[PDB]
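Peer 1: Mind having a look at this structure? Questions to follow.
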Amino acid sequence: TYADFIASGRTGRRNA
Amino acid sequence: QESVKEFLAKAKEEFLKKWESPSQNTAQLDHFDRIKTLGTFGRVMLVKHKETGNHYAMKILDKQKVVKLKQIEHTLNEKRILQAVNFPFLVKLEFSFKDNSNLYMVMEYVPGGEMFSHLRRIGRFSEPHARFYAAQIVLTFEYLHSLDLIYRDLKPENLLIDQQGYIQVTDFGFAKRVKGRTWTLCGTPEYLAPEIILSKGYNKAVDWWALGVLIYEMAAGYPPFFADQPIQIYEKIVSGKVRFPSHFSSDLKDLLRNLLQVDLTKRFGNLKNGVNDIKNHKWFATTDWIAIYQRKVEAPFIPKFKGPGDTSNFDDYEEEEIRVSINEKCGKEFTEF
Ligand SMILES: c1ccc2cnccc2c1
């Protein structure tokens with residue numbers, strides 16, 4: 001789960 | 001009940017007074033020295049008031065880009081709300097003004113950085129620490145919703161950590177006064193409620209959904225719905241399926257199932273008992289709501305910074321001019337700013 005989150009790439013600041 | 005009722009009634013009285021007669025044009029750009037870009041329709045710059053020496057975060061919005069991105073009403077919303085609210089966990093707007101090119105909102109500078117950076121640095125917060133932050137958002141939403149305000153952009157990026165380790169919510173760009181439903185597609189993909197994705201008329205239940213996402217992300221280190229691309233995220237959000245890491249307490253999972261209810265008519269915060277279904281949940285049993293409001297609770301951490309002008313907890317951005325045209329732009333559209 002947490003590793004899959006890291007794998008998504010979307011760990012940086014998220015724009016609207 | 002009466003303690004809270006009378007608090008909220010007075011809070012609404014004071015909000016409505018400022019709301020009816022907004023303040024306007026209360027500084028100008030050359031009252032400030034530019035220090036550093038803190039974040040990037042516009043950007044936020046650390047500035048220093050030349051007479052008082054106080055530091056502020058100045059949000060700068062390009063009028064022409066606001067028009068093109070269909071954000072006129074949203075920017076007017078943001079400024080009118082910021083100048084009218086008053087609550088311990090809301091960033092304080094000190095000045096606002098406009099010039100030929102830009103709109104300016106000048107807020108107290110919170111040097112501790114965004115919760116987002118701290119959360120990514122530590123990985124995940126313990127449940128007590130998540131609960132400390134969550135409790136502030138619950139009280140803040142109780143306040144905002146009682147004013148008929150919806151927030152619509154909860155996420156760790158918008159939660160600044162102040163000198164005492166408490167939250168200040170910033171960015172009211174999507175906040176709006178709503179007594180019924182509203183229809184605009186706005187927010188951040190991971191935090192969008194199903195009914196927003198599905199283009200329905202929606203209401204303040206979307207803020208309680210987002211709290212569910214926030215608490216999950218704080219306690220897990222990752223949000224409940226993620227994917228490579230937003231379109232894949234949206235399918236997960238509307239699916240009605242969420243899985244919890246095994247380290248979550250049973251109480252946390254139960255609260256989150258009720259906040260992350262895809263059916264807005266069954267979602268905690270939107271039932272007959274409103275916010276009290278959340279405040280009375282077992283996960284908040286140890287929470288002293290008044291002590292939180294009074295900021296009498298020891299925080300999980302005090303951010304490290306050297307002084308009120310320290311930018312260490314913010315990242316580095318390309319430093320661009322504040323261009324101001326010799327000709328007024330979009331004067332009619334922003335007459336009321
Ligand atoms: C964005 C980024 C940093 C900030 C710091 N203090 C207040 C408001 C802010 C908005």
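By order in the structure tokens, chains are A, B, ...; within a chain, residues start at 1; ligands start at 1, following the order shown.
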Identify, on the basis of only C-alpha atoms, every residue whose closest approach to stretch 3-8 of chain A does not exceed 7 Å; exclude the query and any residue fewer than 6 positions from it along the same chain; express the result as a PDB file with N, CA, C and O atoms, in the first residue's frame.
Peer 2:
```pdb
ATOM      1  N   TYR B 222      -0.097   7.662   3.239  1.00  0.00           N
ATOM      2  CA  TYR B 222      -0.571   7.680   1.870  1.00  0.00           C
ATOM      3  C   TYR B 222      -2.076   7.898   1.895  1.00  0.00           C
ATOM      4  O   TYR B 222      -2.742   7.460   2.839  1.00  0.00           O
ATOM      5  N   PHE B 226      -5.328   6.477  -4.664  1.00  0.00           N
ATOM      6  CA  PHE B 226      -4.234   7.004  -5.471  1.00  0.00           C
ATOM      7  C   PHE B 226      -4.049   6.086  -6.669  1.00  0.00           C
ATOM      8  O   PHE B 226      -4.537   4.952  -6.691  1.00  0.00           O
ATOM      9  N   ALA B 227      -3.333   6.600  -7.666  1.00  0.00           N
ATOM     10  CA  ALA B 227      -3.090   5.926  -8.929  1.00  0.00           C
ATOM     11  C   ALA B 227      -2.086   6.785  -9.679  1.00  0.00           C
ATOM     12  O   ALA B 227      -1.756   7.889  -9.243  1.00  0.00           O
ATOM     13  N   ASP B 228      -1.619   6.265 -10.817  1.00  0.00           N
ATOM     14  CA  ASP B 228      -0.676   7.008 -11.649  1.00  0.00           C
ATOM     15  C   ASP B 228      -1.289   8.301 -12.161  1.00  0.00           C
ATOM     16  O   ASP B 228      -0.615   9.337 -12.210  1.00  0.00           O
TER      17      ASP B 228
END
```
Peer 1: Can you pull out every residue within 7 Å of stretch 173-189 of chain B, counting only C-alpha atoms, but drop anything in the same chain fewer than 6 positions away, and send it as an NGL selection string?
Peer 2: (:A and (14-16)) or (:B and (74-75 or 77-78 or 148-153 or 196 or 200-203 or 230))
Peer 1: Do you have, as a Markdown table, the list of residues of chain B lying at most 12 Å from chain A, each with its nearest atom pair and that distance in Å to one decimal, counting only C-alpha atoms and ordered by chain then number?
Peer 2:
```
| residue | atom | partner | partner_atom | distance |
| --- | --- | --- | --- | --- |
| B:39 | CA | A:13 | CA | 10.2 |
| B:40 | CA | A:15 | CA | 9.6 |
| B:41 | CA | A:16 | CA | 11.0 |
| B:69 | CA | A:16 | CA | 12.0 |
| B:114 | CA | A:13 | CA | 10.1 |
| B:115 | CA | A:13 | CA | 10.9 |
| B:116 | CA | A:13 | CA | 7.5 |
| B:117 | CA | A:13 | CA | 8.6 |
| B:119 | CA | A:11 | CA | 10.6 |
| B:120 | CA | A:11 | CA | 7.9 |
| B:121 | CA | A:11 | CA | 11.2 |
| B:123 | CA | A:2 | CA | 9.4 |
| B:124 | CA | A:2 | CA | 10.0 |
| B:152 | CA | A:16 | CA | 10.3 |
| B:153 | CA | A:16 | CA | 8.0 |
| B:154 | CA | A:16 | CA | 10.6 |
| B:155 | CA | A:14 | CA | 8.7 |
| B:156 | CA | A:13 | CA | 8.9 |
| B:157 | CA | A:13 | CA | 6.5 |
| B:158 | CA | A:13 | CA | 9.9 |
| B:171 | CA | A:16 | CA | 11.1 |
| B:173 | CA | A:16 | CA | 10.0 |
| B:174 | CA | A:16 | CA | 9.6 |
| B:185 | CA | A:16 | CA | 10.3 |
| B:186 | CA | A:16 | CA | 7.0 |
| B:187 | CA | A:16 | CA | 5.2 |
| B:188 | CA | A:16 | CA | 4.3 |
| B:189 | CA | A:16 | CA | 7.2 |
| B:190 | CA | A:14 | CA | 8.5 |
| B:191 | CA | A:16 | CA | 9.7 |
| B:192 | CA | A:16 | CA | 9.9 |
| B:216 | CA | A:2 | CA | 11.9 |
| B:217 | CA | A:2 | CA | 10.2 |
| B:219 | CA | A:2 | CA | 11.3 |
| B:220 | CA | A:2 | CA | 7.6 |
| B:221 | CA | A:2 | CA | 6.9 |
| B:222 | CA | A:2 | CA | 6.0 |
| B:223 | CA | A:5 | CA | 8.0 |
| B:224 | CA | A:1 | CA | 9.1 |
| B:225 | CA | A:5 | CA | 9.2 |
| B:226 | CA | A:5 | CA | 6.7 |
| B:227 | CA | A:8 | CA | 5.6 |
| B:228 | CA | A:8 | CA | 4.7 |
| B:229 | CA | A:8 | CA | 8.2 |
| B:230 | CA | A:10 | CA | 9.7 |
| B:232 | CA | A:8 | CA | 11.0 |
| B:233 | CA | A:8 | CA | 10.6 |
| B:242 | CA | A:1 | CA | 11.5 |
| B:243 | CA | A:1 | CA | 9.1 |
| B:244 | CA | A:1 | CA | 9.0 |
| B:245 | CA | A:1 | CA | 7.7 |
| B:246 | CA | A:1 | CA | 10.7 |
| B:314 | CA | A:13 | CA | 12.0 |
| B:315 | CA | A:13 | CA | 11.0 |
```
Peer 1: According to DSSP computed on the backbone, where in chain A is there alpha helix (DSSP H)? Give the residues as number ranges by chain.
Peer 2: A: 2-8
Peer 1: Can you write just those residues out, N, CA, C and O atoms, as an mmCIF file, in the first residue's frame?
Peer 2:
```
data_model
loop_
_atom_site.group_PDB
_atom_site.id
_atom_site.type_symbol
_atom_site.label_atom_id
_atom_site.label_comp_id
_atom_site.auth_asym_id
_atom_site.auth_seq_id
_atom_site.Cartn_x
_atom_site.Cartn_y
_atom_site.Cartn_z
ATOM 1 N N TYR A 2 1.722 1.394 1.020
ATOM 2 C CA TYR A 2 2.565 2.582 1.115
ATOM 3 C C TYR A 2 3.621 2.588 0.021
ATOM 4 O O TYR A 2 3.929 3.642 -0.558
ATOM 5 N N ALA A 3 4.192 1.418 -0.262
ATOM 6 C CA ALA A 3 5.123 1.283 -1.375
ATOM 7 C C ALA A 3 4.430 1.540 -2.706
ATOM 8 O O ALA A 3 5.013 2.158 -3.604
ATOM 9 N N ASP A 4 3.181 1.083 -2.852
ATOM 10 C CA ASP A 4 2.441 1.363 -4.078
ATOM 11 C C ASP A 4 2.168 2.857 -4.228
ATOM 12 O O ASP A 4 2.201 3.383 -5.347
ATOM 13 N N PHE A 5 1.906 3.554 -3.117
ATOM 14 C CA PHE A 5 1.774 5.010 -3.170
ATOM 15 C C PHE A 5 3.053 5.649 -3.689
ATOM 16 O O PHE A 5 3.021 6.503 -4.581
ATOM 17 N N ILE A 6 4.193 5.264 -3.120
ATOM 18 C CA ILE A 6 5.455 5.778 -3.625
ATOM 19 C C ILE A 6 5.583 5.468 -5.111
ATOM 20 O O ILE A 6 6.122 6.275 -5.876
ATOM 21 N N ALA A 7 5.045 4.329 -5.555
ATOM 22 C CA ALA A 7 5.218 3.930 -6.949
ATOM 23 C C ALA A 7 4.380 4.781 -7.898
ATOM 24 O O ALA A 7 4.730 4.914 -9.077
ATOM 25 N N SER A 8 3.283 5.355 -7.409
ATOM 26 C CA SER A 8 2.427 6.191 -8.240
ATOM 27 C C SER A 8 3.129 7.452 -8.709
ATOM 28 O O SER A 8 2.669 8.079 -9.668
#
```
Peer 1: Residues within 7 Å of ligand 1 should be enumerated using only C-alpha atoms and all ligand atoms and returned as a list in words.
Peer 2: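 The neighbouring residues of ligand 1 are, in order, residues 38, 39, 44, 56, 57, 91, 107, 108, 109, 110, 111, 113, 160, 170 and 171 of chain B.
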